[PDB]
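Chemist:
There are 2 protein chains.
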Amino acid sequence: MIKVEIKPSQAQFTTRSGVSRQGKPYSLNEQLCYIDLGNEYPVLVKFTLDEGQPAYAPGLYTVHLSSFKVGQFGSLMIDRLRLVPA
Amino acid sequence: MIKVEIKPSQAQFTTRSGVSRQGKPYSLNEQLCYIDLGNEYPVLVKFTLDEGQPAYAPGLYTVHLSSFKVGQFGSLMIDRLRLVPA
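Chains as they are written, first to last, in PDB author numbering: chain A, 1 to 86; chain A', 1 to 86. A prime marks a further copy of an entry chain.
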C-alpha cells in the first residue's frame, strides 16, 4: 500500500479552465498531497479530481484500484490518482 | 494492494534489442502477467524487467513502492512494474 497524506494546508483545490478542440468548455480541479515513496521525506504530488468530487479532507489515504488502466502500449499506467480513507 | 499473477505459461521473457541515439547497444527483457483491475476477469499486462533480473516465477505478487515516481508534470506515474511475492 501507498501511503498518501493530505496536510491541513492542502485542504483546498484550485481550478483551471479552457476549451476543447471542437469548442466545449471544461474545468479541471487540482489538489496537492504528500506521498511516501520510500525516500527520506514524503514528496509533493499534484492530482486532478473527478467531476463533481469535493477536495479530499486532511488525513491519511491509500490509492484505489480504479486509479490504474492498461495503456496503449499494453503496460500499466496511472489514469488519475483516486483515493480512499486509510 | 494490486494482485498480480504470473501464470505457468508466462514463466519466460522475450528480449528486444537496438541501438541508442548516440550508438550504445541495449537489450530489454519483457514478461507478461495478469492483473486484477476489478473487471470481470484479470487483464493481460506487459512489463519490462530491470537489468540482470530473471523472469518472475509463476505465482502471486503485489506491486513494490519503487514502481512509482513523480513525473515531469508533478503527478504520479508508474516508472516500471516491479513486483514482490504476496
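For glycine and all other residues, C-beta sits at the position ideal for the given N, C-alpha and C.
Ignore the nearest five residues each way along the sequence and tell me which others in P8(A)'s own chain have a CB closer than 6 Å to its CB.
Modeler: On the first sequence, position 8 is the one that residue 8(A) refers to. So the list reads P58, once near-sequence residues are dropped.
Chemist: Which residue's Cα is closest to the Cα of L65(A): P42(A), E5(A), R82(A) and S27(A)?
Modeler: Within the first sequence, the letter at position 65 stands for residue 65(A). For the residues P42(A), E5(A), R82(A) and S27(A), the minimum Cα distance to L65(A) belongs to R82(A).
Chemist: Only counting runs of 4 or more residues, tell me where the alpha helix (DSSP H) segments fall wholly within the region 20-78 of chain A', in order along the chain.
Modeler: Whole alpha helix (DSSP H) segments, 4+ residues: zero.
Chemist: Would you kindly check if the distance between the Cβ of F13(A) and the Cβ of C33(A) is under 8 Å?
Modeler: Position 33 of the first sequence, counting from 1, holds the residue named residue 33(A). Position 13 of the first sequence, counting from 1, holds the residue named residue 13(A). In this structure, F13(A) does not lie closer than 8 Å to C33(A) by Cβ.
Chemist: Excluding the 5 residues preceding and the 5 following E51(A') in the sequence, name in chain order all residues of the same chain whose CB lies nearer than 8 Å to its CB.
Modeler: Here residue 51(A') refers to the residue found at position 51 when the second sequence is read from its first residue. So the list is empty, once near-sequence residues are dropped.
Chemist: Would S27(A) pass as an interface residue toward chain A' - the criterion being a Cβ-Cβ separation below 8 Å?
Modeler: Here residue 27(A) is taken as the residue at index 27 of the first sequence, counted from 1. No, no contact with chain A'.
Chemist: Quick one: does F13(A') have its CB under 8 Å from some CB of chain A?
Modeler: Stepping through the second sequence from its first residue, residue 13(A') is reached at position 13. With 8 Å as the cut-off, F13(A') does not count as an interface residue toward chain A.
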